[PDB]
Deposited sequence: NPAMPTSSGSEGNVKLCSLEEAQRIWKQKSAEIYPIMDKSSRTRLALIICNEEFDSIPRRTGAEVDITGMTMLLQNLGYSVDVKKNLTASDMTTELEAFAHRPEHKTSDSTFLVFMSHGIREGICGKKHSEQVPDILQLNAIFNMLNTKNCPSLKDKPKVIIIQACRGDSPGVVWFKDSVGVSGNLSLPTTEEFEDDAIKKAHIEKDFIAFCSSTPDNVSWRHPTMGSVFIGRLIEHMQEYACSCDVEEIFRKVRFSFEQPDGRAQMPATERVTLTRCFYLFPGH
């Protein structure tokens, strides 16, 4: 399974000093109610089965639990069902007494969206990326205002970027803020999810999530399988999100 390295009292002190307190605050361990949602589509009407899905669900579930999240897992949804689930997730009371969330999507994709179980050329079944952000934004999810919302999107695409060959009384709040997305389109557990888990395990103690994502990219810098170069996207974090594993 691997092991999430903990942030020592010493490391935590270092982190708070160096970033001038521009860090997202964490709530008390014994009262906070952190939630995470995994939506995984493995079985589809018209597109290939994603056979490594159960290994990926297991790994992401155990990781997120080890980082302090209660994890819901939903499987084999249409875009409509994903929409319903995301709206419900946004309204969960636990977010009020949480400091953060993770949402993980694992499916096939197209350039502008995630495939639902019924997706076909002739009859689309697509969850737009915009919809995810809209449903979790400050209006629709006030409970996560000013709290980091980490969106992991594995949406496997036949046109994933590849390679080139060479020789040799009222107040205003921002509608959308405190998001970060990390996006993989590489098709065929899966290589991307495995590498992400390894890096979270090794570096959550010492690195903020943005830096962990960079390190994942660094680990993939030389292509060998189908090319992996997962992009960080749609970043409106204003502070560093350290997971402080063990706290």
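Participant: Quick one: where does the model skip the deposited sequence?
Facilitator: Missing CA coords at 1-10, 179-197, 218-226.
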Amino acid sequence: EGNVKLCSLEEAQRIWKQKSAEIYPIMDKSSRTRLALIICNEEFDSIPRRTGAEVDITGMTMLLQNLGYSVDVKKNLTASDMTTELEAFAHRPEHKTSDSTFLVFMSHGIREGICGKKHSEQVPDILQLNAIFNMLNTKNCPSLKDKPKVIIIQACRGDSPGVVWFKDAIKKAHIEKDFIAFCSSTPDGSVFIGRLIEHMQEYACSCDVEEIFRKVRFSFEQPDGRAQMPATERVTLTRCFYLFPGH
From here on, numbers count along this sequence of modelled residues.
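Participant: Would you determine, from the values in the PDB entry, which of 135-143 and 114-122 has the greater average C-alpha temperature factor?
Facilitator: Between 135-143 and 114-122, it is 114-122 that shows the higher mean C-alpha B-factor.
Participant: Could you check the entry and say whether 31-39 or 218-226 has the higher mean CA B-factor?
Facilitator: Averaging CA B-factors over each stretch, the winner is 218-226.
Participant: Sorting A231, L237, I23, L9 by Cα temperature factor from the record, which one lands on top?
Facilitator: Highest CA B-factor of the listed options: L9.
Participant: Split into thirds by Cα B-factor across the chain's modelled residues, where does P93 land: lowest, middle or highest?
Facilitator: Middle third, going by the recorded CA B-factors of the chain.
Participant: Please say which third, lowest, middle or highest, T84 falls into when its CA temperature factor is compared across its chain.
Facilitator: As the PDB entry reports it, the C-alpha B-factor of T84 lands in the highest third of its chain.
Participant: When the deposited Cα B-factors of this chain's modelled residues are ordered and cut into thirds, is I212 in the lowest, the middle or the highest one?
Facilitator: It falls in the bottom third of the chain.
Participant: Lowest, middle or highest third of the chain for the C-alpha temperature factor of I170?
Facilitator: It falls in the top third of the chain.
Participant: Can you tell me which third, lowest, middle or highest, the CA B-factor of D56 falls into for its chain?
Facilitator: For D56, the deposited C-alpha B-factor lands in the middle third.
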